[PDB]
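Only one structure is covered here, and it is reproduced in the block below.
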Amino acid sequence: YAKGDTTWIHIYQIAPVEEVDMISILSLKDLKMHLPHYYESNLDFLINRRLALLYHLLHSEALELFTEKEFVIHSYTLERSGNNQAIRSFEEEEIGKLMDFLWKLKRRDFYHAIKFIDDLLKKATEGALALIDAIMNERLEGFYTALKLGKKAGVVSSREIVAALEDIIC
DNA sequence: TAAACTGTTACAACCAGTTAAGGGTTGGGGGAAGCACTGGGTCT
């Protein structure tokens with residue numbers, strides 16, 4: 173995600189812990205998605221880097237219980253503001269917790285979850301920032317405000333979405 | 001010259017009737033969501 177002059181790239185590599193197999197290897201190969209250039213108009217609502225990261229992680233995959241062995245993720249980021257490249261994040265949890273939240277949200281449905289997230293990103297930008305503030309610096313009430321903007325966005329707000337959110341709440 | 005004896009301490013009905021317990025009108029507008037500073041390679 174690049175904004176005019178600044179350019180951000182976040183690579184999150186997957187590593188094993190005990191053992192893997194070719195099924196796991198090919199599953200990780202299938203995890204590779206989100207082709208380089210997907211920018212036609214979405215940037216008009218992407219604005220914040222975290223929001224764009226969440227939107228792009230929406231189209232990614234979040235299933236790892238298939239391989240019979242669970243995985244771990246290490247994420248590193250690179251920035252380029254004014255043609256200056258360096259590292260500002262080598263081991264940060266926000267990708268991991270965002271990925272876990274996405275996995276636990278869309279487990280109860282993918283069609284309604286996709287519709288909800290897409291609608292809030294498109295028109296309920298306040299709700300999108302509210303959700304990212306509920307994930308970044310985790311505070312549960314922010315989720316509610318996002319859902320509030322959902323009614324401002326005409327979101328269907330299916331039964332299973334709030335159930336998945338409550339399961340995330342624990 | 002004596003200093004209240006006694007039945008009696010209310011009965012009975014009844015102990016809110018109805019009507020509605022918000023009507024409406026609006027549920028963040030609107031801007032921004034890092035500005036630089038720190039450049040990594042490959043060559044001479």
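Using the entry's author numbering, you'd call the opening residue of the first sequence number 173 and step up by one each time. Think of the CB as a built atom: it goes at the ideal place given N, C-alpha and C, for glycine as much as any other residue.
Check: Relative to the alpha-carbon of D291, which residue among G314, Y227, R280 has its alpha-carbon at the smallest distance?
Finding: Here residue 291 refers to the residue found at position 119 of the first sequence. Comparing Cα positions, the closest option is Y227.
Notebook entry, point to check: To the nearest angstrom, how far is it from the Cα of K323 to the Cα of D193?
Noted result: Here residue 323 refers to the residue found at position 151 when the first sequence is read from its first residue. Here residue 193 refers to the residue found at position 21 when the first sequence is read from its first residue. For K323 and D193, the distance between alpha carbons rounds to 45 Å.
Checklist line | Residue from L303, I307, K278, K295 whose Cα sits closest to the Cα of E332 | finding: In the first sequence, residue 332 corresponds to position 160, counting from 1. Looking at the Cα atoms, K278 is the closest of the given residues.
Next item on the list: Note down the Cα distance separating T317 from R311, rounded to an integer number of angstroms.
Entry: For this step, residue 317 is matched to residue 145 along the first sequence. For this step, residue 311 is matched to residue 139 along the first sequence. Separation of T317 and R311 (C-alpha to C-alpha, rounded to the nearest whole angstrom) is 11 Å.
Margin query: Per DSSP, what are the beta-bridge partners of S247 in this structure?
Written below: As a first step, residue 247 must be located in the first sequence, where it is residue number 75. According to DSSP, which records beta bridges pairwise, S247 is partnered with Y184.
Margin query: What does DSSP give as the partner residue(s) for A258 in the beta ladder?
Written below: Here residue 258 is taken as the residue at index 86 of the first sequence, counted from 1. Partner(s): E251.
Next item on the list: Mind checking who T317 pairs with in its DSSP beta bridge?
Entry: For this step, residue 317 is matched to residue 145 along the first sequence. DSSP output for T317 lists no bridge partner at all.
Checklist line | Nonlocal neighbours in the same chain, by C-beta distance under 7 Å from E265, ignoring five residues either side | finding: Here residue 265 corresponds to residue number 93 of the first sequence, with the count starting at 1. Counting only Cβ-Cβ distances below 7 Å, and skipping sequence neighbours, we find nothing.
Next item on the list: Could you please give me the residues that DSSP links to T178 through a beta bridge?
Entry: Residue mapping note: residue 178 aligns to position 6 of the first sequence, counting from 1. Paired residue(s): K175.
Item checked: Endpoints, the alpha helix (DSSP H) within which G268 is located -> Reading the first sequence from its first residue, position 96 is the one you call residue 268. 266 to 277 is the extent of the alpha helix (DSSP H) around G268.
Notebook entry, point to check: Which of the three DSSP states, helix, strand or coil, is assigned to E212?
Noted result: Locating residue 212 in the first sequence gives position 40, where the first residue counts as 1. DSSP, read as helix, strand or coil, puts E212 in coil.
Notebook entry, point to check: Hey, how far is the Cα of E338 from the Cα of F315?
Noted result: Translated into positions along the first sequence, residue 338 becomes position 166. Translated into positions along the first sequence, residue 315 becomes position 143. Taking the straight line joining both Cα atoms gives about 10 Å.
Checklist line | Alpha-carbon to alpha-carbon, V189 and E236 | finding: Counted from its first residue, the first sequence places residue 236 at position 64. Counted from its first residue, the first sequence places residue 189 at position 17. Taking the straight line from one Cα to the other gives about 13 Å.
Notebook entry, point to check: Looking at C-alpha atoms only, which residue of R221, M271, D281, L215 is the closest neighbour of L203?
Noted result: In the first sequence, residue 203 corresponds to position 31, counting from 1. Out of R221, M271, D281, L215, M271 has the C-alpha closest to the C-alpha of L203.
Notebook entry, point to check: What residue from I181, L225, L198 has the CA that sits closest to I304's CA?
Noted result: Start at 1 with the first residue of the first sequence, and residue 304 comes out as number 132. With distances taken between Cα atoms, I304 lies closest to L225.
Next item on the list: To the nearest angstrom, report how far apart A296 and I289 are at their CA atoms.
Entry: The sequence position of residue 296 within the first sequence is 124, counting from 1. The sequence position of residue 289 within the first sequence is 117, counting from 1. Distance between the alpha carbons of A296 and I289: 9 Å.
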